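# Understanding the architecture of this molecule
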Amino acid sequence: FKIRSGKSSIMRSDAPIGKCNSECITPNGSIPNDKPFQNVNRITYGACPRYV
Amino acid sequence: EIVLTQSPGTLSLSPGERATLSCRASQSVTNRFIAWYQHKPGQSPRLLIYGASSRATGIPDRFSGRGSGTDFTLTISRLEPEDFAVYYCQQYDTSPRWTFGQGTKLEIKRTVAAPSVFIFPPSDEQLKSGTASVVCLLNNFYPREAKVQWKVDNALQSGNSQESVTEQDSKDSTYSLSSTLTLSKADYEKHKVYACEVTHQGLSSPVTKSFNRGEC
Amino acid sequence: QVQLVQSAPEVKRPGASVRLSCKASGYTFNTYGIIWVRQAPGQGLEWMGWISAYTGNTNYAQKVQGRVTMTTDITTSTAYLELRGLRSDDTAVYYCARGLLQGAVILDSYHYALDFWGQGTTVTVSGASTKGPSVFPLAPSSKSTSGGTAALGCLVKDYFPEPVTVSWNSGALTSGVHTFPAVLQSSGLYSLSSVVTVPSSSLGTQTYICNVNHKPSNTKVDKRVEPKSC
Ligand SMILES: *[C@@H]1O[C@H](CO)[C@@H](O[C@@H]2O[C@H](CO)[C@@H](O[C@@H]3O[C@H](CO[C@H]4O[C@H](CO)[C@@H](O)[C@H](O[C@H]5O[C@H](CO)[C@@H](O)[C@H](O)[C@@H]5O)[C@@H]4O)[C@@H](O)[C@H](O[C@H]4O[C@H](CO)[C@@H](O)[C@H](O)[C@@H]4O)[C@@H]3O)[C@H](O)[C@H]2NC(C)=O)[C@H](O)[C@H]1NC(C)=O
Ligand SMILES: *[C@@H]1O[C@H](CO)[C@@H](O[C@@H]2O[C@H](CO)[C@@H](O[C@@H]3O[C@H](CO)[C@@H](O)[C@H](O)[C@@H]3O)[C@H](O)[C@H]2NC(C)=O)[C@H](O)[C@H]1NC(C)=O
């Protein structure tokens with residue numbers, strides 16, 4: 001197999017896959033990156049609001 | 001000032017291929033600024049991406065803005081003939097200053113083509129006026145990279161010629177160039193052999209087209 | 001719809017002053033300001049200045065600070081850009097576009113961008129007198145290229161100011177017609193060339209004349225192109 005550097009991750013979630021475009025992905029779904037902070041879920045991937 | 005550098009300056013892709021443009025900012029910018037425009041030749045500039053990644057109203061879904069910090073990108077999926085243009089980077093700041101970018105040109109289409117070279121002697125009427133112009137024409141050539149050197153009795157010319165290039169043709173997507181050598185009538189009658197030597201990608205060897213003064 | 005209409009093209013002289021207009025329709029004028037950006041020949045876009053209807057405050061670019069005055073009149077939604085002491089490099093196409101939001105705090109960056117532009121006013125500043133074009137024929141090459149190829153053209157020289165419209169055989173010939181962009185000669189005049197590719201046999205069979213029009217000079221010149229005979 002091929003072992004690379006770190007740019008990808010893995011997430012546990014049962015939410016469906018949809019046809020849209022959002023930079024941030026959380027286990028519950030996808031959230032806009034417009035707002036600086038977020039309260040949905042701690043686990044995040046990509047450009048996301050800071051969790052509070 | 002804040003300087004936005006675009007990349008690549010010229011991008012040549014085939015129709016139906018994704019295109020990625022890159023603008024790097026001198027300093028970090030909040031995604032609230034940095035917007036992307038389109039300028040088709042002969043028309044008013046159009047706004048494609050406002051904010052950082054938000055499509056403007058009535059813009060095709062293929063255009064996709066993205067990026068953060070210093071680097072911002074615009075990606076076009078499934079390029080179509082409407083898309084050929086020059087694209088411009090933009091920023092904004094508190095005291096209103098809208099620093100633009102140099103621009104990236106999409107020279108879409110391909111298939112190397114060999115220039116047809118023709119040389120046109122000065123007309124007698126222009127000679128009576130006292131100024132002589134010799135014209136070298138490059139017709140239906142791709143890509144745009146070509147070099148024309150004038151030769152007056154096997155003498156390399158410099159600084160007395162001007163070039164002019166047409167936009168990419170709608171049908172065959174080729175270029176056409178005109179090189180005009182301007183001289184005085186006395187200087188024109190000083191010499192005999194007038195040639196233009198053309199080097200282009202589609203030619204194995206430079207092509208020389210020549211004519212003798214006062215000989216038709 | 002939101003629409004911006006601009007003033008007619010102007011041809012001023014060095015050292016003069018030009019006043020440009022930008023009428024607005026479809027959106028209340030006081031809510032957004034109008035900014036002006038120019039494109040010099042063979043050059044990128046360059047921001048120059050911004051004014052707001054809500055606040056008369058103006059911010060100008062460093063390149064043109066002393067020479068630029070921007071005014072706004074609420075009736076009837078008309079913005080004016082005045083440039084003084086015009087120099088040769090000022091020759092460009094000037095656009096206007098709606099900018100910032102005034103009267104409300106904003107969150108969406110549409111109110112931080114330039115969406116609805118104008119057609120643009122083309123301003124040419126030069127000391128050359130208005131002069132009609134001189135058309136000199138470019139002879140079809142003798143010896144007829146290689147087989148069935150041939151090229152002939154017309155040379156348009158010493159015309160000012162732009163534009164010229166060149167047509168072949170009174171609009172009959174639209175195929176193979178290449179009309180190159182103008183080149184600014186050092187004297188301040190413009191030179192242009194239009195050429196077309198024709199079949200070699202057609203030389204005798206058909207007659208080719210180039211029609212050149214220069215609106216500022218009210219001059220229309222027709223020049224037939226025929227093979228030089230020696
Ligand atoms: C006070 O503070 C408030 C914030 O709390 C400010 O409110 C502003 O106005 C509205 C709120 O009523 C909001 O604007 C939102 O814009 C987003 C995203 O816009 C995108 O999606 C839109 C979908 O409808 C679309 O229309 C947008 O298109 C833009 O461009 C066109 C062309 O010019 C223009 O006509 C549009 O109006 C857009 O500007 C763009 O594609 C949108 O999601 C918002 O929808 C509202 O309505 C739904 C109803 O279901 C609601 O669920 C949403 O939550 C949201 O309320 C809305 O269009 C936004 O909150 C604020 N926008 C700005 C620019 O400030 C207010 O301005 C502050 N000041 C004052 C004085 O009140
Ligand atoms: C996004 O997903 C996360 C993960 O599922 C959600 O957090 C979890 O939500 C559930 C349901 O509200 C919580 O379960 C409940 O917990 C309380 C307190 O312990 C308990 O009294 C209830 O009986 C029930 O078990 C759970 O605790 C909570 N956290 C975790 C780690 O699972 C979150 O709510 C989702 N967000 C949105 C907006 O849907």
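For this deposited structure, the header cites X-ray crystallography as the method used and 4.02 Å as the resolution.

### A word on the site of ligand 1
In the vicinity of ligand 1, the contacting residues are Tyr50 and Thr57 of chain B together with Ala104, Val105, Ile106, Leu107, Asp108, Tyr110 and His111 of chain C. With respect to ligand 1, its neighbouring residues span chains B and C. Here an oxygen atom of ligand 1 sits 3.2 Å away from a polar atom, N or O, in the main chain of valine 105 of chain C. The backbone of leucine 107 of chain C places a nitrogen or oxygen atom 3.0 Å from an oxygen atom of ligand 1. Starting from 1,200 Å² of accessible surface for ligand 1 in isolation, the protein chains cover 28%.

### A short note on the sheet that holds strand β13 (residues 161-165) of chain B
All names here are of chain B. Ordered in space as β10-β11-β14-β13, the 4 strands form an open sheet in which the pairing is antiparallel. Each edge of the open sheet carries a strand with a single partner, namely β10 (116-120) and β13. Ignoring strand direction, the axes of neighbouring strands in this sheet form an average angle of 15°. For β13 and strand β14 (residues 175-184), the ladder comprises 5 bridges, and the chain directions are antiparallel. Looking across to β14, one finds that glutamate 163 is bridged to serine 179.

### Things to note about the nonpolar core
Counting 47 residues, the largest nonpolar core has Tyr37, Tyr87, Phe100 and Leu106 of chain B together with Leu114 and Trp117 of chain C as its most contacted members. Elements represented by at least two residues in this core include exactly β3 (19-29), β4 (35-39), β5 (46-50), β7 (63-76) and β8 (86-90) of chain B together with β4 (32-39), β5 (45-51) and β9 (92-101) of chain C. Look past the residues within four positions of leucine 106 of chain B in its chain and what remains in contact with it is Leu11, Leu21, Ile76, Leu79, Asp83, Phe84, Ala85 and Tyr87 of chain B. Of all hydrophobic cores here, the second largest spans 28 residues; its members include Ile34, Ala79, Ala92 and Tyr94 of chain C.

### What to know about the environment of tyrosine 159 of chain C
All names here are of chain C. Within the fold, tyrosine 159 resides in strand β12 (residues 150-159). In this structure the C-alpha to C-alpha distance between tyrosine 159 and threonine 130, which are 29 residues apart in sequence, comes to 7.8 Å. If we skip the residues at most four places from it in the chain, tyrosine 159 touches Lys131, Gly132, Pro133, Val164, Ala182, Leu189, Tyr190, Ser191, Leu192 and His214. Looking at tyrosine 159, its side chain comes within polar contact range of the side chain of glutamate 162, at 3.5 Å.

### Here we look at the interface of chain C and chain B
Tallying the contact residues gives 50 residues for chain C and 41 residues for chain B. Summing both sides of the interface, chain C and chain B together bury roughly 4,100 Å²; the carbon and sulfur share of this comes to 63%. In terms of surface lost to chain B, no three residues of chain C exceed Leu45, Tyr112 and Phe180 of chain C, which account for 15% of the buried area on that side. Counting across the interface, chain C meets chain B through 1 salt bridge. Where chain C meets chain B, there are 12 residue pairs in polar contact. Top contributing element to the side of chain C that touches chain B by residue count: β12 of chain C, with 5 residues. Residue classes in the side of chain C that touches chain B are distributed as 30 nonpolar, 14 polar and 6 charged.

### Focus: the side chain of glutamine 185 of chain C
With respect to the element layout, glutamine 185 of chain C can be found in the loop between β15 (183-184) and β16 (190-198). Looking at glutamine 185 of chain C, its side chain comes within polar contact range of the side chain of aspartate 158 of chain C, at 3.3 Å.

### Digging into the pattern of salt bridges
Tallying each qualifying case throughout the model produces 13 salt bridges over all chains. The partner of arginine 66 of chain B in a salt bridge is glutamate 23 of chain A, with the nearest N and O atoms 2.7 Å apart. Taken together, the positions of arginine 66 of chain B in strand β7 and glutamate 23 of chain A in the segment before β1 (37-38) put the pair across two chains. Classification of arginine 66 of chain B as partly exposed rests on a relative accessible area of 48%. The exposure class assigned to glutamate 23 of chain A is partly exposed, which follows from its relative accessible area of 32%. Residue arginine 38 of chain C is joined to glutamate 46 of chain C by a salt bridge in which the shortest nitrogen-to-oxygen separation is 3.4 Å.

What counts and how
Residues numbered from 1 in each chain as written, not as in the entry; some residues may be left out. Chains lettered and ligands numbered in written order. Part of a larger assembly, values for the part shown. Heavy atoms only, no water. Near = heavy atom within 4 Å. Polar contact = N/O pair within 3.5 Å; in protein donor to acceptor, adjacent residues only side chain to side chain. Areas by Shrake-Rupley, 256 points an atom, 1.4 Å probe, with all protein chains shown as cover. Pairing = 2+ DSSP bridges. Helix = DSSP H or I, 4+ residues; strand = E, 2+ residues; numbered from the N terminus. Axes fitted to C-alpha atoms, helices over the stretch in contact; angles between N-to-C directions. Core = buried A, V, L, I, M, F, W, Y, C linked by side-chain atoms within 4.5 Å. Buried < 20%, exposed > 50% of the residue type's maximum accessible area, 1.4 Å probe, protein only. Contact = heavy atoms within 4.5 Å. Buried area = accessible area lost by both parts, 1.4 Å probe. Salt bridge = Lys/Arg side-chain N within 4 Å of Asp/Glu carboxyl O. Nonpolar A, V, L, I, M, F, W, Y, C, P; charged D, E, K, R; others polar.

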